[PDB]
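Chemist: Just so it is clear, I am handing over upload08.cif, which has mmCIF, C-alpha atoms and all ligand atoms.
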```cif
data_entry
loop_
_atom_site.label_atom_id
_atom_site.label_comp_id
_atom_site.auth_asym_id
_atom_site.auth_seq_id
_atom_site.Cartn_x
_atom_site.Cartn_y
_atom_site.Cartn_z
CA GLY A 1 -165.09 41.08 -4.34
CA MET A 2 -167.99 43.36 -3.43
CA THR A 3 -170.70 41.70 -1.28
CA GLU A 4 -170.12 38.79 1.12
CA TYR A 5 -172.93 36.32 1.90
CA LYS A 6 -172.96 33.83 4.79
CA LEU A 7 -174.92 30.83 3.56
CA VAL A 8 -175.65 27.77 5.73
CA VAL A 9 -176.61 24.32 4.43
CA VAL A 10 -178.79 22.32 6.84
CA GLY A 11 -180.75 19.08 6.70
CA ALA A 12 -180.62 15.45 7.80
CA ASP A 13 -177.53 13.28 7.49
CA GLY A 14 -177.20 11.82 3.99
CA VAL A 15 -179.41 14.23 2.00
CA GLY A 16 -176.38 15.57 0.08
CA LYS A 17 -175.35 18.83 1.79
CA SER A 18 -171.64 18.11 1.33
CA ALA A 19 -172.07 16.91 -2.26
CA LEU A 20 -174.11 20.01 -3.13
CA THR A 21 -171.45 22.22 -1.53
CA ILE A 22 -168.56 20.60 -3.41
CA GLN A 23 -170.55 20.72 -6.67
CA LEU A 24 -171.09 24.46 -6.35
CA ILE A 25 -167.42 25.09 -5.54
CA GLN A 26 -165.56 22.47 -7.59
CA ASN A 27 -168.05 21.39 -10.31
CA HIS A 28 -167.40 17.75 -9.39
CA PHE A 29 -169.58 15.13 -7.70
CA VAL A 30 -167.96 13.73 -4.53
CA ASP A 31 -169.71 10.49 -3.73
CA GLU A 32 -168.27 10.03 -0.24
CA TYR A 33 -167.37 13.14 1.70
CA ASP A 34 -166.73 12.36 5.38
CA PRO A 35 -170.24 12.53 6.93
CA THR A 36 -169.02 13.91 10.25
CA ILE A 37 -166.98 16.87 8.96
CA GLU A 38 -168.47 20.37 9.13
CA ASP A 39 -166.57 23.08 7.29
CA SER A 40 -167.02 26.30 5.36
CA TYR A 41 -165.99 27.10 1.79
CA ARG A 42 -165.84 30.22 -0.36
CA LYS A 43 -167.22 30.71 -3.86
CA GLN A 44 -166.69 34.00 -5.69
CA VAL A 45 -169.38 34.48 -8.33
CA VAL A 46 -171.11 37.20 -10.28
CA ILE A 47 -174.85 37.02 -9.63
CA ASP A 48 -177.05 39.40 -11.64
CA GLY A 49 -174.00 41.56 -12.26
CA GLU A 50 -172.95 41.74 -8.58
CA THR A 51 -169.61 40.18 -7.63
CA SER A 52 -170.43 37.93 -4.69
CA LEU A 53 -168.28 36.27 -2.02
CA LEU A 54 -170.33 33.25 -0.90
CA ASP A 55 -169.26 31.68 2.39
CA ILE A 56 -170.99 28.31 2.63
CA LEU A 57 -171.19 26.41 5.93
CA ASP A 58 -171.72 22.69 5.22
CA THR A 59 -173.15 21.55 8.56
CA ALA A 60 -172.32 18.14 10.04
CA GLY A 61 -171.22 16.44 13.23
CA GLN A 62 -172.83 15.78 16.59
CA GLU A 63 -176.35 17.06 17.18
CA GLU A 64 -175.88 19.56 19.98
CA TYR A 65 -177.56 22.74 21.11
CA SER A 66 -174.91 24.59 23.10
CA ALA A 67 -175.15 28.38 23.39
CA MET A 68 -171.97 28.47 21.32
CA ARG A 69 -173.51 26.53 18.42
CA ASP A 70 -176.61 28.79 18.48
CA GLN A 71 -174.36 31.83 18.13
CA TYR A 72 -172.41 30.26 15.25
CA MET A 73 -175.66 29.44 13.42
CA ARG A 74 -176.98 32.91 14.23
CA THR A 75 -174.24 34.38 11.99
CA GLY A 76 -175.73 32.79 8.86
CA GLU A 77 -177.68 35.19 6.64
CA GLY A 78 -179.58 32.59 4.61
CA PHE A 79 -180.19 28.86 4.85
CA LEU A 80 -180.70 25.96 2.45
CA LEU A 81 -183.28 23.55 3.89
CA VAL A 82 -182.20 20.31 2.20
CA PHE A 83 -184.12 17.05 2.10
CA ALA A 84 -183.70 14.16 -0.34
CA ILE A 85 -186.58 13.20 -2.61
CA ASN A 86 -186.00 9.50 -1.87
CA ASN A 87 -186.10 9.99 1.93
CA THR A 88 -189.42 10.88 3.58
CA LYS A 89 -187.74 11.17 7.00
CA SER A 90 -185.45 13.90 5.69
CA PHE A 91 -188.55 15.76 4.45
CA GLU A 92 -190.32 15.29 7.80
CA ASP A 93 -187.25 16.79 9.50
CA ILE A 94 -187.53 20.01 7.47
CA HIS A 95 -189.89 21.53 10.07
CA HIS A 96 -187.26 21.04 12.79
CA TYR A 97 -184.51 22.88 10.85
CA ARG A 98 -186.79 25.75 9.90
CA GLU A 99 -187.76 26.18 13.56
CA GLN A 100 -184.14 26.00 14.81
CA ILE A 101 -183.20 28.75 12.35
CA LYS A 102 -186.12 30.90 13.49
CA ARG A 103 -185.19 30.23 17.14
CA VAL A 104 -181.58 31.40 16.96
CA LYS A 105 -182.36 34.18 14.45
CA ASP A 106 -185.24 35.34 16.70
CA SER A 107 -187.32 36.08 13.63
CA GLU A 108 -190.00 34.54 11.45
CA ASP A 109 -188.52 36.08 8.27
CA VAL A 110 -185.09 34.58 7.65
CA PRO A 111 -183.90 34.09 4.03
CA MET A 112 -184.36 30.38 3.26
CA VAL A 113 -184.74 28.08 0.25
CA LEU A 114 -186.23 24.56 0.26
CA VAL A 115 -184.05 22.08 -1.65
CA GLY A 116 -185.15 18.65 -2.81
CA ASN A 117 -181.92 16.84 -3.67
CA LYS A 118 -181.14 13.56 -5.48
CA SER A 119 -183.59 14.49 -8.27
CA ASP A 120 -181.61 12.10 -10.52
CA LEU A 121 -182.75 9.06 -8.54
CA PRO A 122 -185.81 7.10 -9.74
CA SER A 123 -186.76 5.91 -6.23
CA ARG A 124 -188.81 9.01 -5.33
CA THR A 125 -190.89 8.91 -2.13
CA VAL A 126 -191.67 12.65 -1.69
CA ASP A 127 -193.96 14.24 -4.26
CA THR A 128 -192.87 17.46 -5.91
CA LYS A 129 -196.34 18.79 -5.06
CA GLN A 130 -195.88 18.11 -1.34
CA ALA A 131 -192.61 20.06 -1.35
CA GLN A 132 -194.14 22.95 -3.29
CA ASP A 133 -197.07 23.13 -0.84
CA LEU A 134 -194.68 23.20 2.13
CA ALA A 135 -192.46 25.91 0.61
CA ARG A 136 -195.55 27.96 -0.25
CA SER A 137 -196.70 27.68 3.37
CA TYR A 138 -193.21 28.86 4.42
CA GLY A 139 -193.23 31.69 1.88
CA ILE A 140 -189.91 30.54 0.35
CA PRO A 141 -188.76 29.18 -3.03
CA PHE A 142 -188.42 25.46 -3.77
CA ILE A 143 -185.67 24.13 -6.07
CA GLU A 144 -185.16 20.51 -7.15
CA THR A 145 -181.46 19.63 -7.32
CA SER A 146 -179.07 16.79 -8.03
CA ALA A 147 -175.52 17.08 -6.75
CA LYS A 148 -174.75 14.15 -9.06
CA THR A 149 -175.69 15.90 -12.32
CA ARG A 150 -175.47 19.56 -11.04
CA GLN A 151 -179.17 20.05 -11.90
CA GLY A 152 -180.50 23.04 -10.00
CA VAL A 153 -177.32 23.54 -7.93
CA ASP A 154 -176.48 27.07 -9.11
CA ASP A 155 -180.18 27.97 -9.03
CA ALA A 156 -180.52 26.93 -5.37
CA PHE A 157 -177.56 28.94 -4.03
CA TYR A 158 -178.18 31.93 -6.33
CA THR A 159 -181.88 31.94 -5.41
CA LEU A 160 -180.79 32.07 -1.77
CA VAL A 161 -178.64 35.16 -2.45
CA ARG A 162 -181.66 36.71 -4.17
CA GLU A 163 -183.78 35.93 -1.10
CA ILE A 164 -181.20 37.64 1.13
CA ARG A 165 -181.26 40.69 -1.15
CA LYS A 166 -185.04 40.79 -0.88
CA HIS A 167 -184.86 40.55 2.90
CA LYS A 168 -182.32 43.39 3.08
CA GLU A 169 -184.60 45.77 1.17
CA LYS A 170 -187.67 45.08 3.32
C1 LIG B 1 -183.33 14.04 16.92
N1 LIG B 1 -183.06 15.24 16.14
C2 LIG B 1 -184.05 16.30 16.42
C3 LIG B 1 -185.12 16.10 15.29
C4 LIG B 1 -184.35 15.45 14.10
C5 LIG B 1 -183.05 14.91 14.74
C6 LIG B 1 -181.82 15.54 14.04
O1 LIG B 1 -181.92 16.99 13.92
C7 LIG B 1 -180.67 17.70 13.99
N2 LIG B 1 -179.57 17.02 13.73
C8 LIG B 1 -178.36 17.66 13.79
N3 LIG B 1 -177.18 16.78 13.50
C9 LIG B 1 -177.57 15.38 13.23
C10 LIG B 1 -176.35 14.45 13.17
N4 LIG B 1 -175.31 14.96 12.20
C11 LIG B 1 -175.53 16.36 11.71
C12 LIG B 1 -175.89 17.28 12.90
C13 LIG B 1 -178.27 19.05 14.14
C14 LIG B 1 -177.09 19.82 14.28
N5 LIG B 1 -177.08 21.13 14.60
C15 LIG B 1 -178.23 21.75 14.80
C16 LIG B 1 -178.47 23.23 15.26
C17 LIG B 1 -178.24 23.40 16.62
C18 LIG B 1 -178.48 24.63 17.24
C19 LIG B 1 -178.96 25.70 16.48
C20 LIG B 1 -179.22 25.56 15.14
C21 LIG B 1 -179.71 26.69 14.48
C22 LIG B 1 -179.98 26.61 13.12
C23 LIG B 1 -179.77 25.42 12.44
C24 LIG B 1 -179.27 24.27 13.07
CL1 LIG B 1 -178.97 22.78 12.12
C25 LIG B 1 -179.00 24.30 14.47
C26 LIG B 1 -179.46 21.03 14.74
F1 LIG B 1 -180.68 21.64 14.94
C27 LIG B 1 -179.51 19.67 14.39
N6 LIG B 1 -180.68 19.00 14.31
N1 LIG B 2 -177.74 9.95 -6.78
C1 LIG B 2 -177.34 11.00 -5.94
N2 LIG B 2 -176.58 10.65 -4.86
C2 LIG B 2 -176.26 11.79 -4.10
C3 LIG B 2 -176.65 13.12 -4.38
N3 LIG B 2 -176.14 14.02 -3.41
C4 LIG B 2 -175.47 13.22 -2.55
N4 LIG B 2 -175.52 11.84 -2.94
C5 LIG B 2 -174.95 10.66 -2.27
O1 LIG B 2 -175.66 10.54 -1.04
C6 LIG B 2 -174.79 10.27 0.05
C7 LIG B 2 -174.85 11.47 1.10
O2 LIG B 2 -174.12 12.46 0.54
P1 LIG B 2 -173.45 13.71 1.55
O3 LIG B 2 -173.08 14.64 0.46
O4 LIG B 2 -172.36 12.90 2.22
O5 LIG B 2 -174.69 13.98 2.45
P2 LIG B 2 -174.68 15.01 3.85
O6 LIG B 2 -174.59 13.90 4.87
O7 LIG B 2 -176.00 15.77 3.77
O8 LIG B 2 -173.44 15.83 3.67
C8 LIG B 2 -173.38 10.08 -0.58
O9 LIG B 2 -173.27 8.72 -0.84
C9 LIG B 2 -173.46 10.88 -1.91
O10 LIG B 2 -172.71 10.34 -2.95
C10 LIG B 2 -177.45 13.44 -5.52
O11 LIG B 2 -177.87 14.52 -5.94
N5 LIG B 2 -177.76 12.28 -6.30
MG MG B 3 -171.69 16.08 4.94
#
```
Could you write out this structure as structure tokens?

Modeler:
Amino acid sequence: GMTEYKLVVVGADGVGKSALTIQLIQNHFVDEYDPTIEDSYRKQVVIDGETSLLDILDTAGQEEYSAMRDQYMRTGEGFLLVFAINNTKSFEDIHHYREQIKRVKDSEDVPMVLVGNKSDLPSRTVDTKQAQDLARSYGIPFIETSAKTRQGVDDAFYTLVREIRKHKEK
């Protein structure tokens, strides 16, 4: 294909990063992907007429801040900041992940999208308004998703590609 994109999915354990990744790639809901396994996948898609090679890093594993991990994260071109709408802690952690991205990217303008996952669940504890206000403060889009139903999944990843395109033309 034509353009390759290095996307990175970050967020607390259990918010659905693996399930979102497998949905995009396989169009199936995996309800228990090994929570410790970090891996990357490829999706070849046409987005707005451009053939796109999406490399998606589904982050997982031990929390560690070695120079080596910083450099691996530094290679990502755009990030999904994922929380789960039924998990306030995962939303409170969003600040941490945004700041780690900025730290290793050494920049305040990195392509990012805010993702509220598990939108199918009725047990909401994070208001849609709160997430919109945060994403507005960050200057990034906000997409509600459900890896279970595939709601918003294509929109989230494709919006991230569009944010990378915008960044490149700045
Ligand atoms: C006590 N912690 C601090 C406040 C909340 C809580 C957990 O925060 C958390 N947890 C992780 N793990 C938790 C256990 N399983 C999954 C991995 C992380 C893994 N790697 C990186 C990471 C490392 C280095 C550079 C990055 C540059 C960009 C992006 C990332 Cl994501 C980066 C982290 F920052 C992680 N932060
Ligand atoms: N109802 C619902 N459950 C989900 C959704 N996404 C993930 N899960 C479930 O939430 C748990 C965490 O999923 P995982 O994909 O393993 O989260 P990660 O730890 O961020 O990779 C698993 O039991 C998944 O089946 C979603 O959109 N809706
Ligand atoms: Mg996982």

Chemist: Identify which of the residues A:132, A:52, A:137, A:36 lies closest to residue 157 (chain A), counting all atoms listed in the file when measuring atom-to-atom distances.

Modeler: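 Looking only at the distances to residue 157 (chain A), the closest residue turns out to be A:52.
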
Chemist: Find the nearest atom pair between each residue of region 108-168 of chain A and region 76-92 of chain A for residues within 9 Å, count only C-alpha atoms, give distances in Å to one decimal, sort rows by chain and ascending number, and present the table as CSV.

Modeler:
```
residue,atom,partner,partner_atom,distance
A:110,CA,A:78,CA,6.6
A:111,CA,A:78,CA,4.6
A:112,CA,A:79,CA,4.7
A:113,CA,A:80,CA,5.1
A:114,CA,A:81,CA,4.8
A:115,CA,A:82,CA,4.6
A:116,CA,A:83,CA,5.3
A:117,CA,A:84,CA,4.6
A:118,CA,A:84,CA,5.8
A:119,CA,A:85,CA,6.5
A:121,CA,A:86,CA,7.4
A:122,CA,A:86,CA,8.2
A:123,CA,A:86,CA,5.7
A:124,CA,A:86,CA,4.5
A:125,CA,A:86,CA,4.9
A:126,CA,A:85,CA,5.2
A:127,CA,A:85,CA,7.6
A:128,CA,A:85,CA,8.3
A:131,CA,A:91,CA,8.3
A:144,CA,A:85,CA,8.7
A:156,CA,A:80,CA,7.9
A:157,CA,A:80,CA,7.8
A:160,CA,A:78,CA,6.5
A:161,CA,A:78,CA,7.6
A:163,CA,A:78,CA,7.8
A:164,CA,A:78,CA,6.3
```

Chemist: Give the residues close to ligand LIG 2 (chain B), within 9 Å, counting all atoms listed in the file; write them as a PyMOL selection string.

Modeler: chain A and resi 9-22+29-38+58-60+82-84+116-121+145-151

Chemist: Quick one: contact table of chain A to ligand LIG 1 (chain B), 6 Å max, nearest atom pair and distance in Å to one decimal per residue, counting all atoms listed in the file, chain and number order, as JSON lines?

Modeler:
```
{"residue": "A:10", "atom": "CA", "partner": "B:LIG1", "partner_atom": "CL1", "distance": 5.3}
{"residue": "A:13", "atom": "CA", "partner": "B:LIG1", "partner_atom": "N4", "distance": 5.5}
{"residue": "A:60", "atom": "CA", "partner": "B:LIG1", "partner_atom": "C11", "distance": 4.0}
{"residue": "A:61", "atom": "CA", "partner": "B:LIG1", "partner_atom": "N4", "distance": 4.5}
{"residue": "A:62", "atom": "CA", "partner": "B:LIG1", "partner_atom": "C12", "distance": 5.0}
{"residue": "A:63", "atom": "CA", "partner": "B:LIG1", "partner_atom": "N3", "distance": 3.8}
{"residue": "A:64", "atom": "CA", "partner": "B:LIG1", "partner_atom": "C17", "distance": 5.6}
{"residue": "A:65", "atom": "CA", "partner": "B:LIG1", "partner_atom": "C18", "distance": 4.4}
{"residue": "A:69", "atom": "CA", "partner": "B:LIG1", "partner_atom": "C18", "distance": 5.5}
{"residue": "A:70", "atom": "CA", "partner": "B:LIG1", "partner_atom": "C19", "distance": 4.4}
{"residue": "A:73", "atom": "CA", "partner": "B:LIG1", "partner_atom": "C21", "distance": 5.0}
{"residue": "A:93", "atom": "CA", "partner": "B:LIG1", "partner_atom": "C4", "distance": 5.6}
{"residue": "A:96", "atom": "CA", "partner": "B:LIG1", "partner_atom": "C3", "distance": 5.9}
{"residue": "A:97", "atom": "CA", "partner": "B:LIG1", "partner_atom": "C23", "distance": 5.6}
{"residue": "A:100", "atom": "CA", "partner": "B:LIG1", "partner_atom": "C21", "distance": 4.5}
{"residue": "A:101", "atom": "CA", "partner": "B:LIG1", "partner_atom": "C22", "distance": 3.9}
{"residue": "A:104", "atom": "CA", "partner": "B:LIG1", "partner_atom": "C21", "distance": 5.6}
```

Chemist: Could you tell me how far CA of residue 42 (chain A) lies from CA of residue 162 (chain A), in Å and to one decimal?

Modeler: 17.5 Å

Chemist: Ranking A:140, A:39, A:103, A:168 by minimum distance to ligand MG 3 (chain B) and counting only C-alpha atoms and all ligand atoms, which one comes first?

Modeler: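 Distance minimum relative to ligand MG 3 (chain B) lands on A:39.
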
Chemist: Rank A:51, A:143, A:40, A:67 by their smallest atom-to-atom distance to ligand MG 3 (chain B), using all atoms listed in the file, and report the top residue only.

Modeler: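 The shortest atom-to-atom distance to ligand MG 3 (chain B) comes from A:40.
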
Chemist: How would you write as a ChimeraX atom specification the residues that get within 10 Å of (-170.5, 40.3, -4.1) in the file's frame, counting all atoms listed in the file?

Modeler: /A:1-5,44-47,49-54,161

Chemist: Take the selection from the previous step and output its residues with C-alpha atoms, as a PDB file, in the frame of the given file.

Modeler:
```
ATOM      1  CA  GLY A   1    -165.090  41.080  -4.340  1.00  0.00           C
ATOM      2  CA  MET A   2    -167.990  43.360  -3.430  1.00  0.00           C
ATOM      3  CA  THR A   3    -170.700  41.700  -1.280  1.00  0.00           C
ATOM      4  CA  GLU A   4    -170.120  38.790   1.120  1.00  0.00           C
ATOM      5  CA  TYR A   5    -172.930  36.320   1.900  1.00  0.00           C
ATOM      6  CA  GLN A  44    -166.690  34.000  -5.690  1.00  0.00           C
ATOM      7  CA  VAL A  45    -169.380  34.480  -8.330  1.00  0.00           C
ATOM      8  CA  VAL A  46    -171.110  37.200 -10.280  1.00  0.00           C
ATOM      9  CA  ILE A  47    -174.850  37.020  -9.630  1.00  0.00           C
ATOM     10  CA  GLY A  49    -174.000  41.560 -12.260  1.00  0.00           C
ATOM     11  CA  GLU A  50    -172.950  41.740  -8.580  1.00  0.00           C
ATOM     12  CA  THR A  51    -169.610  40.180  -7.630  1.00  0.00           C
ATOM     13  CA  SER A  52    -170.430  37.930  -4.690  1.00  0.00           C
ATOM     14  CA  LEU A  53    -168.280  36.270  -2.020  1.00  0.00           C
ATOM     15  CA  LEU A  54    -170.330  33.250  -0.900  1.00  0.00           C
ATOM     16  CA  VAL A 161    -178.640  35.160  -2.450  1.00  0.00           C
TER      17      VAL A 161
END
```

Chemist: Please measure the separation of CA of residue 8 (chain A) and CA of residue 134 (chain A), giving the value in Å to one decimal.

Modeler: 19.9 Å

Chemist: Expressed in Å to a single decimal, how great is the separation between CA of residue 25 (chain A) and CA of residue 74 (chain A)?

Modeler: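 For CA of residue 25 (chain A) relative to CA of residue 74 (chain A), the distance reads 23.3 Å.
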
Chemist: Restricting the calculation to only C-alpha atoms and all ligand atoms, which member of A:99, A:57, A:133, A:141 is positioned closest to ligand MG 3 (chain B)?

Modeler: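 Between A:99, A:57, A:133, A:141, the residue approaching ligand MG 3 (chain B) most closely is A:57.
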
Chemist: Pick out the closest residue to residue 27 (chain A) from this set: A:159, A:153, A:167, A:136. Count only C-alpha atoms.

Modeler: A:153

Chemist: Starting from 8 Å padding per side, set up an axis-aligned box that covers all listed atoms of region 129-134 of chain A and hand over centre and edge lengths in Å, one decimal, as lines of an AutoDock Vina configuration file.

Modeler:
```
center_x = -194.8
center_y = 20.7
center_z = -1.5
size_x = 20.5
size_y = 21.1
size_z = 23.2
```

Chemist: Complete region 129-154 of chain A at the level of N, CA, C and O atoms, written as an mmCIF file, in the frame of the given file.

Modeler:
```cif
data_model
loop_
_atom_site.group_PDB
_atom_site.id
_atom_site.type_symbol
_atom_site.label_atom_id
_atom_site.label_comp_id
_atom_site.auth_asym_id
_atom_site.auth_seq_id
_atom_site.Cartn_x
_atom_site.Cartn_y
_atom_site.Cartn_z
ATOM 1 N N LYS A 129 -195.227 17.962 -5.519
ATOM 2 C CA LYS A 129 -196.340 18.790 -5.060
ATOM 3 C C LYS A 129 -196.262 19.042 -3.557
ATOM 4 O O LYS A 129 -196.457 20.171 -3.089
ATOM 5 N N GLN A 130 -196.008 17.980 -2.785
ATOM 6 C CA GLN A 130 -195.880 18.110 -1.340
ATOM 7 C C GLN A 130 -194.814 19.136 -0.963
ATOM 8 O O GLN A 130 -194.997 19.926 -0.032
ATOM 9 N N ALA A 131 -193.677 19.114 -1.662
ATOM 10 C CA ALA A 131 -192.610 20.060 -1.350
ATOM 11 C C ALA A 131 -193.006 21.477 -1.728
ATOM 12 O O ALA A 131 -192.698 22.436 -1.006
ATOM 13 N N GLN A 132 -193.673 21.633 -2.878
ATOM 14 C CA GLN A 132 -194.140 22.950 -3.290
ATOM 15 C C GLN A 132 -195.155 23.512 -2.294
ATOM 16 O O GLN A 132 -195.104 24.702 -1.958
ATOM 17 N N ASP A 133 -196.091 22.673 -1.831
ATOM 18 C CA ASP A 133 -197.070 23.130 -0.840
ATOM 19 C C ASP A 133 -196.386 23.594 0.438
ATOM 20 O O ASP A 133 -196.745 24.632 1.004
ATOM 21 N N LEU A 134 -195.402 22.823 0.916
ATOM 22 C CA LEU A 134 -194.680 23.200 2.130
ATOM 23 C C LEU A 134 -193.963 24.536 1.942
ATOM 24 O O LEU A 134 -194.064 25.430 2.789
ATOM 25 N N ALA A 135 -193.215 24.681 0.840
ATOM 26 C CA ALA A 135 -192.460 25.910 0.610
ATOM 27 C C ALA A 135 -193.395 27.107 0.460
ATOM 28 O O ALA A 135 -193.057 28.226 0.874
ATOM 29 N N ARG A 136 -194.556 26.899 -0.171
ATOM 30 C CA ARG A 136 -195.550 27.960 -0.250
ATOM 31 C C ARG A 136 -196.024 28.354 1.144
ATOM 32 O O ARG A 136 -196.072 29.542 1.481
ATOM 33 N N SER A 137 -196.323 27.368 1.989
ATOM 34 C CA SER A 137 -196.700 27.680 3.370
ATOM 35 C C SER A 137 -195.599 28.452 4.093
ATOM 36 O O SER A 137 -195.894 29.330 4.915
ATOM 37 N N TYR A 138 -194.324 28.138 3.812
ATOM 38 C CA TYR A 138 -193.210 28.860 4.420
ATOM 39 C C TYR A 138 -192.981 30.219 3.777
ATOM 40 O O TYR A 138 -192.266 31.044 4.354
ATOM 41 N N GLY A 139 -193.523 30.456 2.580
ATOM 42 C CA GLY A 139 -193.230 31.690 1.880
ATOM 43 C C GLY A 139 -191.834 31.754 1.283
ATOM 44 O O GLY A 139 -191.249 32.844 1.206
ATOM 45 N N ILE A 140 -191.285 30.617 0.861
ATOM 46 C CA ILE A 140 -189.910 30.540 0.350
ATOM 47 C C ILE A 140 -189.917 29.773 -0.977
ATOM 48 O O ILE A 140 -190.861 29.033 -1.286
ATOM 49 N N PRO A 141 -188.873 29.954 -1.789
ATOM 50 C CA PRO A 141 -188.760 29.180 -3.030
ATOM 51 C C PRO A 141 -188.444 27.714 -2.764
ATOM 52 O O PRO A 141 -187.916 27.347 -1.715
ATOM 53 N N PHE A 142 -188.756 26.877 -3.758
ATOM 54 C CA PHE A 142 -188.420 25.460 -3.770
ATOM 55 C C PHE A 142 -187.687 25.125 -5.058
ATOM 56 O O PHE A 142 -188.198 25.402 -6.151
ATOM 57 N N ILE A 143 -186.499 24.527 -4.929
ATOM 58 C CA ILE A 143 -185.670 24.130 -6.070
ATOM 59 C C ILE A 143 -185.355 22.641 -5.956
ATOM 60 O O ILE A 143 -184.878 22.181 -4.912
ATOM 61 N N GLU A 144 -185.617 21.897 -7.035
ATOM 62 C CA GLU A 144 -185.160 20.510 -7.150
ATOM 63 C C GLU A 144 -183.712 20.486 -7.619
ATOM 64 O O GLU A 144 -183.356 21.180 -8.572
ATOM 65 N N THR A 145 -182.871 19.690 -6.960
ATOM 66 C CA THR A 145 -181.460 19.630 -7.320
ATOM 67 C C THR A 145 -180.996 18.185 -7.431
ATOM 68 O O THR A 145 -181.651 17.250 -6.961
ATOM 69 N N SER A 146 -179.839 18.031 -8.067
ATOM 70 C CA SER A 146 -179.070 16.790 -8.030
ATOM 71 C C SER A 146 -177.608 17.182 -7.948
ATOM 72 O O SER A 146 -177.069 17.779 -8.887
ATOM 73 N N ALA A 147 -176.960 16.861 -6.826
ATOM 74 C CA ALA A 147 -175.520 17.080 -6.750
ATOM 75 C C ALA A 147 -174.783 16.170 -7.725
ATOM 76 O O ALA A 147 -173.643 16.463 -8.102
ATOM 77 N N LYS A 148 -175.414 15.068 -8.148
ATOM 78 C CA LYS A 148 -174.750 14.150 -9.060
ATOM 79 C C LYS A 148 -174.607 14.754 -10.450
ATOM 80 O O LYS A 148 -173.535 14.690 -11.058
ATOM 81 N N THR A 149 -175.681 15.353 -10.965
ATOM 82 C CA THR A 149 -175.690 15.900 -12.320
ATOM 83 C C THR A 149 -175.484 17.407 -12.365
ATOM 84 O O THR A 149 -175.307 17.950 -13.462
ATOM 85 N N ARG A 150 -175.516 18.091 -11.217
ATOM 86 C CA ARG A 150 -175.470 19.560 -11.040
ATOM 87 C C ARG A 150 -176.806 20.230 -11.391
ATOM 88 O O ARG A 150 -176.897 21.465 -11.368
ATOM 89 N N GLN A 151 -177.842 19.469 -11.727
ATOM 90 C CA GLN A 151 -179.170 20.050 -11.900
ATOM 91 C C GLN A 151 -179.544 20.919 -10.710
ATOM 92 O O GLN A 151 -179.426 20.500 -9.548
ATOM 93 N N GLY A 152 -179.957 22.151 -11.002
ATOM 94 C CA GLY A 152 -180.500 23.040 -10.000
ATOM 95 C C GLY A 152 -179.531 23.568 -8.974
ATOM 96 O O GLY A 152 -179.943 24.381 -8.150
ATOM 97 N N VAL A 153 -178.252 23.173 -9.011
ATOM 98 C CA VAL A 153 -177.320 23.540 -7.930
ATOM 99 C C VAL A 153 -177.073 25.049 -7.906
ATOM 100 O O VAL A 153 -177.181 25.694 -6.849
ATOM 101 N N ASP A 154 -176.683 25.627 -9.053
ATOM 102 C CA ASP A 154 -176.480 27.070 -9.110
ATOM 103 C C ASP A 154 -177.774 27.800 -8.765
ATOM 104 O O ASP A 154 -177.761 28.804 -8.043
#
```
